[PDB]
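Breakdown of the fold
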Amino acid sequence: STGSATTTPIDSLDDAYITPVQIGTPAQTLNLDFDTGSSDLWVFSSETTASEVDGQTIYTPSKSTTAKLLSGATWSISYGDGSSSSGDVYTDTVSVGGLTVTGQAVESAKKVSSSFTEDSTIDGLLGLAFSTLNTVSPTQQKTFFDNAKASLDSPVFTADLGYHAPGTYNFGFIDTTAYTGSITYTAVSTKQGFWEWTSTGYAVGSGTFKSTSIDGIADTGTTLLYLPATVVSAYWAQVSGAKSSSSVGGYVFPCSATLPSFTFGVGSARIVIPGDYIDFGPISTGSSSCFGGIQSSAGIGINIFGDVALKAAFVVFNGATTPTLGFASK
Ligand SMILES: Cc1ccc(-c2noc([C@H]3C[C@@H](O)CN3)n2)cc1F
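Method information in the entry identifies X-ray crystallography as the source of the structure, with 1.4180 Å recorded as the resolution.

Counting its secondary structure elements, the chain contains 4 helices and 24 strands. The C-alpha radius of gyration computed for the chain amounts to 20 Å, which stays within 12% of the reference 20 Å derived for 330 residues, consistent with globular compactness. Taken along the three principal axes of its C-alpha coordinates, the chain extends 60 × 45 × 30 Å. Taking all 330 residues of the chain together, 54% fall into the buried category. The long-range fraction of contacts in the chain, counting pairs at least 24 apart against all pairs at least 6 apart in sequence, stands at 66%. Accessible surface for the chain amounts to roughly 13,300 Å². Of this, 50% is attributable to carbon and sulfur atoms. Within the chain, one finds 12 positive and 26 negative side-chain charges whose respective centroids are separated by 7 Å.

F171, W236, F262, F264, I273 and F327 are the most contacted members of the largest nonpolar core, which has 67 residues in total. Take this core: its biggest share by element is 4 residues, from helix 3 (residues 229-236). Looking at this core, you find at least three residues from each of domain 1 (5-174) and domain 2 (175-330). Those residues in contact with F327 that sit more than four places away from it in its chain are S182, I183, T184, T186, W197, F264, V266, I271, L310, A313, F314 and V315. Residues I10, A16, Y79 and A105 belong to the second largest nonpolar core, which totals 17 residues.

A word on the site of the ligand. Near the ligand, the surroundings consist of 14 residues, among which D35, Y79, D219, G221 and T222 are the closest. Contact between the ligand and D35: an oxygen atom at 2.8 Å from a side-chain N or O atom of the residue. Between the ligand and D219, the relevant distance is 3.0 Å, taken from a nitrogen atom to a side-chain nitrogen or oxygen of the residue. Notes on the ligand: free accessible area 430 Å², of which the protein chains cover 83%. When atom positions are compared with the pocket grids, the ligand is found to occupy the largest pocket.

With that out of the way, let us pick up the domain arrangement of the chain. The domains assigned to the chain are domain 1 (5-174) and domain 2 (175-330). Taking only C-alpha atoms into account, the centre of domain 1 sits 25 Å from that of domain 2. Between domain 1 and domain 2, the residue contacts involve 30 residues of the former and 33 residues of the latter. Counting each side, the surface lost to burial between domain 1 and domain 2 is near 2,500 Å², with a carbon and sulfur contribution of 56%. Together, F130, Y163 and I174 form the three largest contributors to the area buried by domain 1 at its contact with domain 2, with a combined 28%.

In this section: the UniProt feature "active site" in the chain. Within the UniProt annotation, "active site" is assigned to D35 and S199. Lining the largest pocket, from the set of annotated residues above, are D35. Within the secondary structure, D35 sits in strand 3 (residues 28-35). Since its relative accessible area comes to 5%, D35 is described here as buried. When neighbours within four sequence positions are excluded, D35 is seen to be in contact with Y79, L125, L126, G127, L128, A129, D219, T220 and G221. Mapped onto the secondary structure, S199 falls in strand 12 (residues 196-204). The buried category is assigned to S199, whose relative accessible area is 1%.

Going through the model one piece at a time under the given rule, you end up with 25 aromatic pairs. Seen in terms of ring centroids, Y79 and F116 are 5.8 Å apart; in terms of plane orientation they differ by 70°. Their pairing is edge-to-face. Of this pair, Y79 sits in the loop between strand 5 (68-78) and strand 6 (84-96) while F116 is found in helix 1 (residues 114-118), placing the two residues 37 residues apart along the sequence. Where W197 meets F305, the ring centres are 4.6 Å apart and the plane angle is 45°; that geometry is what we call tilted. Here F305 lies in strand 22 (residues 303-305) and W197 lies in strand 12, a separation of 108 residues in the sequence. The pair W197 / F305 is uniform in exposure class, with both members buried. Over the ring of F209 we find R270; its NZ or CZ atom is 3.7 Å from the centre of that ring.

With its sulfur atoms 2.0 Å apart, the listed UniProt disulfide between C255 and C290 is closed in this model. Of this pair, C255 sits in the loop between strand 16 (250-254) and strand 17 (262-266) while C290 sits in strand 20 (residues 289-292), placing them 35 residues apart in sequence. Relative accessible area serves as the criterion here: at 3%, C290 is assigned to the buried category.

Further remarks concern the pattern of salt bridges. This structure, assessed with the given rule, holds 3 salt bridges. In this structure, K110 and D88 form a salt bridge, with 3.4 Å as the shortest nitrogen-oxygen distance. Here the residue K110 occupies a position in strand 7 (residues 99-112), and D88 occupies one in strand 6, the gap between them amounting to 22 residues. According to the relative accessible area criterion, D88 is buried, its value standing at 11%.

Parameters and conventions
Residues numbered from 1 in each chain as written, not as in the entry; some residues may be left out. Heavy atoms only, no water. Helix = DSSP H or I, 4+ residues; strand = E, 2+ residues; numbered from the N terminus. Rg over C-alpha atoms; globule rule 2.2 N^0.38 Å. Buried < 20%, exposed > 50% of the residue type's maximum accessible area, 1.4 Å probe, protein only. Contact = heavy atoms within 4.5 Å. Areas by Shrake-Rupley, 256 points an atom, 1.4 Å probe, with all protein chains shown as cover. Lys, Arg positive; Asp, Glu negative; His and termini not counted. Charge placed at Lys NZ, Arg CZ, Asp CG, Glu CD. Core = buried A, V, L, I, M, F, W, Y, C linked by side-chain atoms within 4.5 Å. Domains from an automatic or database assignment. Near = heavy atom within 4 Å. Polar contact = N/O pair within 3.5 Å; in protein donor to acceptor, adjacent residues only side chain to side chain. 1 Å grid on protein atoms, 1.4 Å probe; cavity = no way out; pocket = protein on both sides within 12 Å on 5 of 7 lines; lining within 4 Å. Sits in = over half its atoms within 2 Å of the grid points. Buried area = accessible area lost by both parts, 1.4 Å probe. UniProt positions renumbered as here; feature names shortened; annotations may be inferred. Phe/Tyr/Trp six-rings, centres within 6.5 Å; stacked < 30°, edge-to-face > 60°. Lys NZ or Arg CZ within 6 Å of the ring centre and 35° of its normal. Disulfide = S-S within 2.5 Å. Salt bridge = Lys/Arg side-chain N within 4 Å of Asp/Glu carboxyl O.

Okay, here's the thing in structure tokens:
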């Protein structure tokens, strides 16, 4: 089997991407944030505290004839930005772009943090990291990809995120028309439950490539590119007037600047992020100071190849017995 679904930026800045998902019988379609950095499928629901719902589409398990309460199961998760959600668990039928999983754990939110409440366009998350990270207690549950992959034509999914434009998540096949040149595959460590890999280095603009190992994760659920402070300093030094701001919380730059590209290495291959992918617009409405899309990972503990990097590539998440990651230019 295979599946294919369009993913869409939630706003003009590509702050995140939503993908329609069919849950239950009859189908309840919710727009979920596909997140290769976590492993919970959770949704706004009829159980979510009323005051914490503001515009989201909710899942109502009582109206699904295939929904079953998972007795005694709860979940609770916190994301890298301090955001959180929690609730109970159902099993139900879940379909993505024509690919169907029966008995998928659907985690129904009772509580969500303010950031989720304030984003009316995101109805929940669909985790695509490794199932070892799933938070359901006392019995851990499997991800959508994990449940589907034995049925897939090939145990893979691909992320093809667009710059200010729609893109595609495919399951079970590689669309050879979606990229240029070849796909370069690189080793993955699953020891922390992430799609963790090691970049071979970077360049800034037309500058010479610096060969250096950068361990990080491929994370569709993170907006920006987070890299070591040395690397990030080298990038923003090439932008006149750019500075790291304490009050703002990272590098900002004059909105009139022309941003240089950023290149990262995948083995001997090179993925080039165009400079305008790194522009995240005025820090506040009407400001001439803009937020940078490359930021330091120093306070995080790990480097994160978020959407800023991934959207410059066609990315293969290969879930064979020994998982690997593939990158192609497009
Ligand atoms: C309001 C909001 C906040 C965070 C997230 C979010 N989704 O994926 C992630 C990254 C960071 C780490 O969790 C691994 N994946 N963060 C989504 C939101 F809609």
